[PDB]
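Next up is one chain by itself, shown in structure tokens, the form deposited in one PDB entry.
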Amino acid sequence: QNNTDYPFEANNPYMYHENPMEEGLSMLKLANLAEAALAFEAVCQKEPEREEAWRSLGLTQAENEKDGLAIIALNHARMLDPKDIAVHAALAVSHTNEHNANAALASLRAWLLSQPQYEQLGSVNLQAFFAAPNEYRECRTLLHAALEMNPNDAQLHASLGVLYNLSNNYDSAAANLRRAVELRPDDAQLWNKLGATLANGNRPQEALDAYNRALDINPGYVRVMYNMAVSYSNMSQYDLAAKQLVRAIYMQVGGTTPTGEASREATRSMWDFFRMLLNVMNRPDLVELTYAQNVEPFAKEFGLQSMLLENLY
């Protein structure tokens, strides 16, 4: 759980590449996350002392819904530089998704006190319902104490977003993430986090609105399209949820059918959710049509003759 021995995949083609770090950044510009991760995996085996590589690997695996591997990679990067705040931030998020309270709070704590401007706190005594009741209250006191010093740091609001998500207080996380996107309103990742908090808070209409803002910033954000299929499905709008999934699958693949098996792995969990939805819709004819992984029949069924997704690589 503070483990730094990363289980690299052995059949990694980026092991043969002249420069896999630049290759990983290009895979990021193409928003192609599995490939970026393998490219960063290679930079970490080839050069195990290059801190930015471990960080890039951690953030990428996080972005790709592998919190387990993200934590190992980010623990490793932290071991090379304990003063890296993006590392502490990413750990707090992945620890919160994995339901590891103590490590999440330690990470928020480390995220804060690692910054010169907030380090004064930590020399001051702040001690006085949970799996870590004293660490939580201490962490809550410190982040609010810092918001006094700088009420304009959107990442403090994001950190309080993580803190209150950890305690399933979705309304106070939403309130802080709202403030985070009022500052820093360029950041589609924050809008998506606001969306997911509101969804967990059983406010699905407000989640769609924040998801949609994240898609206006980044119209290729497959994760948000999936998240929106989930919220539309929570409001019983199965047709609108189906339309989001067709979009998300078409966009993830860059086309109508899998251009391989790397495509067929990246869409496994959207076809899985699509299958469930088609069950709820009592349309088992279409559950069968899923395994060919041709979105065309689905595009026709759900009324998407208009696939605006041409910005394809």
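All residue numbers are counted from 1 along the displayed sequence.
Here the subject shifts to the form deposited with a partner chain bound, a form of this protein not shown in this document.
At least one heavy atom of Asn165 is located within 4.5 Å of its partner chain in the bound PDB entry. Using a 4.5 angstroms threshold between heavy atoms, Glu65 counts as touching its partner chain in the bound PDB entry. None of the heavy atoms of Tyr136 is located within 4.5 Å of its partner chain in the bound PDB entry. Although the partner is absent here, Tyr118 lies well away from its partner chain in the bound PDB entry, with no heavy atom inside 4.5 Å. Contact with its partner chain in the bound PDB entry, judged by any heavy atom within 4.5 Å, is made by just one of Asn102, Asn150, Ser172, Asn200: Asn200. The listed set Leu143, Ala110, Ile72, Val230 contains one residue whose heavy atoms approach its partner chain in the bound PDB entry to within 4.5 Å, identified as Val230. Segments offered: 185-193, 78-86, 212-220, 102-110. Contacting its partner chain in the bound PDB entry at heavy atom distances within 4.5 Å is 185-193.
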